[PDB]
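Visitor: 3D model of this:
(chains A, B, C, D, E, F, G, H and I, ligands or ions: 4)
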Amino acid sequence: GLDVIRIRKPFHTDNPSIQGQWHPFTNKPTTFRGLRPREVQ
Amino acid sequence: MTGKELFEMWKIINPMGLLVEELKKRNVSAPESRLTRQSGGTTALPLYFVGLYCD
Amino acid sequence: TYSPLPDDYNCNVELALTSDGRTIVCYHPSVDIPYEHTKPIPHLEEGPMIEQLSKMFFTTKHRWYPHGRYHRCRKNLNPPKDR
Amino acid sequence: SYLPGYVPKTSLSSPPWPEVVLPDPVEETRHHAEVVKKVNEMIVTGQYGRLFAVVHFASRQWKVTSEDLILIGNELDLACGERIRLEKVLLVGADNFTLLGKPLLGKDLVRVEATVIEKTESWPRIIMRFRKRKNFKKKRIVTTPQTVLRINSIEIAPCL
Amino acid sequence: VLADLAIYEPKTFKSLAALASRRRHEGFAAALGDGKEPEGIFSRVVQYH
Amino acid sequence: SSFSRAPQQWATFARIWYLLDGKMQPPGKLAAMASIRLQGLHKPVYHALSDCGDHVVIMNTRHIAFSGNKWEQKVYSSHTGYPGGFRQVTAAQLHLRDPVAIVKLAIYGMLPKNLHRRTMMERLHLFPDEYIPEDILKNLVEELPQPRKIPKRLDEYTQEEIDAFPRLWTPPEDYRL
Amino acid sequence: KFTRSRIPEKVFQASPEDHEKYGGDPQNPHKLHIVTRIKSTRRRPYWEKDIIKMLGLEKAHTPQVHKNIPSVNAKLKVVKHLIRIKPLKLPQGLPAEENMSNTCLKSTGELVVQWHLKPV
Amino acid sequence: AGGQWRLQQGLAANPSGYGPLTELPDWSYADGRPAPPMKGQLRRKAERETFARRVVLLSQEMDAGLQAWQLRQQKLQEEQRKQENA
RNA sequence: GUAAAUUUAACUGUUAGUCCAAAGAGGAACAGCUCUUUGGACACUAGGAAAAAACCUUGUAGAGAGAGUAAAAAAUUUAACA
Ligand SMILES: [Mg+2]
Ligand SMILES: [Mg+2]
Ligand SMILES: [Mg+2]
Ligand SMILES: [Mg+2]
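Guide: Residues are numbered from 1 along each chain as shown, chains lettered A, B, ... in the order given. Ligands and ions are numbered 1, 2, ... in the order given. Here you go, the structure:
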């Protein structure tokens, strides 16, 4: 019982994320003492 | 229930307060919040990756 | 001791084959952020307003101008939500 | 003192990339088996959580998990509400490991069960073939058959 | 799926990249000596019939 | 994951501030890596409709160098609009007048010619010298590496490297030099 | 003007260098040619397109068998530049009546009589 | 991609052509029963079946043509003996 | 090796043709030039060569948020002398 119309995508996932969804800081390391580039203290 | 996670229907107040309360039941020390990564701090879109460490 | 990629930023990766050699398995626990790699915690009018927020959001001034009623009515008021 | 083929250190003396050496195969074989068996007892003990899966079906891939819907652009001749066991899986992975095939996994390793729930005629897709200044035009409307599956649950076997 | 895998589990895609990079070194080792050597462990193929 | 909806979506499509040092680098290669980072192509979740671009900051745009005589050969031409307004300036003269110029119109060709161009252009930042305001210097993320290695000079080559390098030929003593 | 090109027969005489390359022994020659089309039928003379249709190779990437005899050789010689040729060789003898259905082709021109569809 | 590599080992340049990626059954009943064959698999088997029946027809005809000549040559050598005997 | 061909019954329409390659003729061994012959394309879709009729890939048509291929991205720097 749902109107036949266009479907935005051919599937649906309720829990699509395992191992954590990608954010920009997944694939880069950290810095000793937690320092930004070109910073003394 | 599969769709909605915990804190969508079961809203809570003072989560870190409840956290420290639960951790004392589990017999561990009081954790400290520390920003691990940062981006756009002075920008109008601040972004911080805060982690809670104990021992 | 040889590794294909530096195992110090995302996860400690190691590949493995069954002894028959028909399937490959991987073990990739995420890295633990060390404590050393952290830090301690601690009116106006149209002209001036459209440029200062553009300088604040780092964008152009075009999208901030108001659109016509033609587009405001075409905007969907009950969009579908996923998950 | 120096080998005849030896060259001093320059930019073009050696390639730009760094030299590498692969490990010996014997200890690697013991490493291949050791890392497998600790993963075998890991899944037997049940340390894993979710397990996603990739599937080859109907001439196309999908990333799928449990309790998720999926559509196919044809009819399978299955009554509504029936369950089916899918054979082909390219890989399945949990929170801390992954099981990739060559190309697919074994039959006894996995058991991917899915139920058929619903079958539509596709929404009316219109097509128009037209050519300019020659009075060539035509119309046609298709309603292709579609079926909605759902992967009820996925499990893995201790065999490895 | 190769793209979608990188979206949600970069740890898995890292294994795919690590799997891919190891085959390159196996292929370059084969470029030095085509035969007359033990073939790559991952470069070994399955024969269907 | 175990992240909430809105915070997780925010961290995914969030922006980041790159930093690059232009000392002895070509404007093209730094433009090539920059342009792909401006649309957000580096993000696996890229989509042109979603403005998932990221900011980029360049330093030492004055201390750039071409490969060839493009300091003299290359010409940057423009037209004001009036008759005779068509002028041409070499890359050297254009550098003397504006060291920020060479990169900003160089990236301008790299990224596509859409209306998202000018949004991504102003998002990018440039500085002729290694002096930055504390505001834009504090909101940094990561300094990606340089494309090309910088060759070392004779004063920079240590003595143990020269001693390791073997002399090649015998000079006859009967020579003035 | 452009016309049908007669080819010298001397070109199609394998030397010992060619024998060692392709591994085709002259004695005990194969019987059947596996034929497949790669180049388009278009932009070719009327005699070139109908011959390949007379051979039945209007479809590309479709392996089709012909004889190794001088009569059919003349046909796919003039349109040799439209197709691939590969010889037929089999270890498992001719296809028996019981194994008519479970046959399978290979990229190396092989035709296995048995196909149980799983590795060693 | 990899089409040249696949045909090096003997596999299909396109994996959808033949091999286990497509020839296996794509679904089965949850109770372990075998599903019916697919339409693509049926026409492929009928194609290979007519292909096999064709190749057997092509080979035996060439063998019949070869021996039919030598049977004619044995007849040719026979009637030449008949000539000198007469 | 293939399945078309001849003939019979009844009509229609085309009968104002551009380009490429080749053999030629006129012209200037000029023309996006004109006139013949063999072949191809175009006046039928699609991809590429920048946009492109005529060049290069490709034909029998559909749904797909599948895959492997086809043609397909210009290289050049130049002069010493007893
Ligand atoms: Mg003309
Ligand atoms: Mg003309
Ligand atoms: Mg004319
Ligand atoms: Mg077709």
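Visitor: for residue F:77, what are its contacts?
Guide: Residues near residue F:77 by CB atoms under 8 Å, 6 or more residues apart in numbering or on different chains: F:86, F:87, F:88, F:89. Every residue, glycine included, has its C-beta placed from N, CA and C.
Visitor: Tabulate those residues in TSV, adding columns for secondary structure, neighbour count and distance to chain C.
Guide: Listed next are the contacts of residue F:77 as TSV, based on DSSP: H, G, I helix; E, B strand; the rest coil; neighbours: other CB atoms under 10 Å in any protein chain shown; distance: CB to the nearest CB, whole Å:
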residue	secondary structure	neighbour count	distance to chain C
F:86	strand	11	28
F:87	strand	10	28
F:88	strand	10	30
F:89	strand	17	28
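Visitor: Closest one to chain B out of these, please.
Guide: Within the contacts of residue F:77, the smallest distance to chain B is 35.3 Å, found for residue F:89 (CB to the nearest CB).
Visitor: measure the most centrally placed residue in chain C to residue G:22 for me?
Guide: Chain C has residue C:10 as the residue nearest its centroid, 15.9 Å off, counting by CA atoms, centre = their mean. For residue C:10, the distance to residue G:22 (CB to CB, to the nearest Å) stands at 50 Å.
Visitor: again, but for residue B:55
Guide: Going from residue B:55 to residue G:22 by CB to CB gives 72 Å.
Visitor: more crowded one of the two?
Guide: Higher neighbour count among residue B:55 and residue G:22: residue G:22, with 9 against 6, using other CB atoms under 10 Å in any protein chain shown.
Visitor: so who does the residue of chain H found nearest chain B touch?
Guide: Closest to chain B within chain H is residue H:30: 21.3 Å, counting by CB to the nearest CB. Contacts for residue H:30 (CB under 8 Å, 6+ apart) come out as D:82, D:83, D:84, D:85, D:113.
Visitor: ok, and the closest non-adjacent residue to it?
Guide: residue D:83 (3.5 Å; CB to CB, 6 or more residues apart in numbering or on different chains).
Visitor: longest helix anywhere in chain B?
Guide: helix B:15-25 (DSSP state H).
Visitor: Please see if that helix touches chain F.
Guide: No - using CB under 8 Å from any CB of the partner chain, helix B:15-25 stays clear of chain F, with a minimum separation of 11.2 Å.
Visitor: contact partners of that helix?
Guide: Here helix B:15-25 makes contact (CB under 8 Å, 6+ apart) with B:12, B:29, B:30, B:31, B:33, B:52, B:54.
Visitor: Stretch F:19-36 now?
Guide: Residues contacting stretch F:19-36 (CB under 8 Å, 6+ apart): A:37-38, F:18, F:42, F:56-61, F:63-67, F:102-103, F:106-107, F:110-111, F:124, F:130, F:140-144, F:146-148, F:150.
Visitor: Could I get the contacts of residue F:77 in CSV, plus columns for distance to chain A?
Guide: What follows is those, written out as CSV (distance: CB to the nearest CB, whole Å):
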residue, distance to chain A
F:86, 42
F:87, 38
F:88, 38
F:89, 33
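Visitor: Make a markdown table from those and add distance to RNA strand I to it.
Guide: Formatted as a markdown table, the contacts of residue F:77 follow (distance: CB to the nearest atom of the strand, whole Å):
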| residue | distance to RNA strand I |
| --- | --- |
| F:86 | 19 |
| F:87 | 23 |
| F:88 | 20 |
| F:89 | 23 |
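Visitor: Residue numbers of chain G in contact with RNA strand I?
Guide: Contact residues (CB under 7 Å from any atom of the strand) of chain G with RNA strand I: G:1-3, G:37-46, G:49, G:54-56, G:58-61, G:66-67, G:71-72, G:75.
Visitor: Good, wrapping up.
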